[PDB]
Amino acid sequence: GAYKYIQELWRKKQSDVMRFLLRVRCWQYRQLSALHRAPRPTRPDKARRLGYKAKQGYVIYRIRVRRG
Amino acid sequence: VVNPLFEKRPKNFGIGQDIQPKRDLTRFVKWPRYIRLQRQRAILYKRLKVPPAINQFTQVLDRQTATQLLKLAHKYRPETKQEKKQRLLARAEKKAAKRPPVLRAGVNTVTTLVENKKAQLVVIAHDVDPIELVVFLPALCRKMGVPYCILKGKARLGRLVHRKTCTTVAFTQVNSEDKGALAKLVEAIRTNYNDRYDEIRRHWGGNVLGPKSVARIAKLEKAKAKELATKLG
Amino acid sequence: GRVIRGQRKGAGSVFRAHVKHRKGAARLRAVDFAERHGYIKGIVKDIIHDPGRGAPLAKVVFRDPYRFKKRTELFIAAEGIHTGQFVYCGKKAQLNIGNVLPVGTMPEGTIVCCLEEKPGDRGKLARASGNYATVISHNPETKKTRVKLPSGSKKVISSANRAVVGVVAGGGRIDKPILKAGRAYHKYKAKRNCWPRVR
Amino acid sequence: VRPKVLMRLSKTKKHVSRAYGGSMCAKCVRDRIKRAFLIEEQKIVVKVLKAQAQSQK
Amino acid sequence: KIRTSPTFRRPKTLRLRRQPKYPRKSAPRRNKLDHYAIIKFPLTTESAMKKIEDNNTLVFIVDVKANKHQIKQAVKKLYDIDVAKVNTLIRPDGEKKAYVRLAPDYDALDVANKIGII
RNA sequence: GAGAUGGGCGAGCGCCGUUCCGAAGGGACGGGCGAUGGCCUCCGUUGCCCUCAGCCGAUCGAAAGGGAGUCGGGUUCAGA
RNA sequence: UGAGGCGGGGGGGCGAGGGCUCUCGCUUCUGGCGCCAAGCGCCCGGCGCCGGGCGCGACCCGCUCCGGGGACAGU
């Protein structure tokens, strides 16, 4: 399918397409709360590799953790 | 005839003269925490230099050809849970006493058959939240010689099937009468997307300033250019 | 080994301010539409005494132009203001004592007080008993103003920040010699526990 | 009388039959009558002298 | 659609009622403060009898979680008299003593015999 | 003064802070609508639509602060 | 600050040589008053009779709530 096409993209974080899109969500999450729920995985290829099955009962939470 | 008791009483809303009436205030509303986040994300899609591999998703197909293509796609809709049920009762009744070409929803169905070159036209949604799930596909069908068109909105594209959203829909084969209906479309589509591949690569997106700043920078471009014009004579 | 007295004051909880009988935040009126473009008229209702401030306070009362309601502020009084005196507020206002206006519309050398150091922060500068600030020089380009401060330190600041005209009342308070230790005790008992100082 | 007792005593014990009765002292009520009329009269004197200004200009 | 105030008030959403598929508890719990549990026993005190002739009242030992209204109905429906007032107090030993002033067209001196105390 | 929520921080029990990065009112006024009762009179009650709202921060904190309203006589071995 | 009128482009009055440059869109003697649209035009509903609405009044356009720093404070 297309997941392998997404797989080698996410390994290109220094590229301009990723360097942009990473800084958008990083800006976007930084205006949100410290602990909240996301409706769907923003990184779906890494989800199913870790065992995420898109069905009722799978809930994900996107949080921010202090650097350092 | 007229009652002379009716006196005209205008109100001078001068500075410190009369109370202000209930005019509009939509531009100064303290918007909620989620809406204020929701709007300036469209600003950041105009401020920064958007890279051209995702800038190509504001370069979308027009109004009137989206009508015909969905009219062309209002004929190959998938069998529902009923149209499967009314398919299976039809095959099981012939057990006691070939498929038409239908579409393919989802990228996992599409990206396989483009590699097998089985597709004849690809329909694309432009406003997926992880844009990375689509970004490879326009640059892929160029290398596969498959015509692709982008459509604004995934929901109106999501109603070809009876689901919410659909990212990608494929036209793999058609009926016999529906051959000249697409052969003119590809001739009108590949002259926007595939043969004009090189010109999309050098066209970055965004890089727009503000209407309170382009009012500022240009006003000094107007005051400087009105100086140097009369310096000659 | 022990914590020094000067170190304990940053913790508070004894040395915190005695804010019981204090009236309130002695601020300017906030910026708005009327004060930005034209002027607005006010009424000084009364002059109250804030404990812990050797400068007096005045209850100016306004009439809001958006909702039918009567607004009251706490301006730092200028010496010469009397009750029932129409004090004006805005940029289009004139130049007399007790009349706040942005600096850039004023001429040079003007004695003012209760000054802001940023546009719209309701005043910070020169608001003790009997001090003032003087407008040294404007700059019509980029809207800047050099202003003197009551320490002798000249300051560059913007043109939109504003100030009432005239000195703060109660000038020359420190000319009176406190003679017995109780008057100083009764002075600092309205501010904080800091008076008996041990060398 | 104490303010909670004001529920008991009737209307006539709690005001005086007058404009601003019970809320303002009459000595400064007539001074509000004198003030309110003179200002509106002087305000008319504003309009009349502004009626000659743009005819000659 | 013009906003009058710059502060955006949360819209007043519709709310449903509690329409449960099943009750959380099985049966209505029986009230353990019925007419008999409230009245434990009257007194036999040499100071209680003097209270009866003079004041025309009745003394009792009432359950501690009861109120004056419940005492007034308990005497009214078990010994079938009417009450003028009920004055409670909590004894040092813990239970609640209640003086029960009956309706003045009755004599409690007789009604002490139907409840037995003499 | 004390102390929840939002938020922030914290490995963590938790701590921070009390109007501060918050959709913080579950309120009514009349109007229209739809309905219900007792002489479904008229009024009472519920639901929807339209219209209205400055509150200021959940809460706790005084048996000497604030706080409407009771006194005389007589009565018990001991209570007024 | 209860995020109440920010910036352009338009409408008129003050002015010298029919637009252009622009000030300006109205409030100052006085311890009063000011919210809950007059007015005006135009639709609709009902037995000349009562009751509703749209748009002016109260320009239009916009993308950053106004402001001030600024790739430096700061972490």
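Counting begins at 1 with the first residue displayed.
Method on record in the header is electron microscopy, 3.7 Å.
A Cβ is built for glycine as well, from the same backbone N, Cα and C atoms used for every other residue.
Feature annotations, courtesy of Swiss-Prot:
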{"type": "CROSSLNK", "residues": "B:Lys22", "note": "SUMO2 cross-link"}
{"type": "CROSSLNK", "residues": "B:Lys71", "note": "SUMO2 cross-link"}
{"type": "CROSSLNK", "residues": "B:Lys212", "note": "SUMO2 cross-link"}
{"type": "MOD_RES", "residues": "B:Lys8", "note": "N6-acetyllysine"}
{"type": "MOD_RES", "residues": "B:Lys71", "note": "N6-acetyllysine"}
{"type": "MOD_RES", "residues": "B:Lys184", "note": "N6-acetyllysine"}
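Features as recorded by Swiss-Prot, highlighted on the structure.
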residue  : record           : DSSP class
B:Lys8   : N6-acetyllysine  : coil
B:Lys22  : SUMO2 cross-link : coil
B:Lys71  : SUMO2 cross-link : helix
B:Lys184 : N6-acetyllysine  : helix
B:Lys212 : SUMO2 cross-link : coil
Spatial separation of B:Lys22 (SUMO2 cross-link) from B:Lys8 (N6-acetyllysine) - C-alpha basis, Å: 20
Rounded to the nearest Å - Cα separation of B:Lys212 (SUMO2 cross-link) and B:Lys22 (SUMO2 cross-link): 27
Inter-residue C-alpha distance, B:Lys22 (SUMO2 cross-link) and B:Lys71 (SUMO2 cross-link) (nearest angstrom): 48
Rounded to the nearest Å - Cα separation of B:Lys71 (SUMO2 cross-link) and B:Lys184 (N6-acetyllysine): 14
CB within-chain contacts under 8 A for B:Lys184 (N6-acetyllysine), separation at least 6: none
Among B:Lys8, B:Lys71, which are recorded positions, the residue with the most C-beta atoms within 10 angstroms of its C-beta: B:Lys71
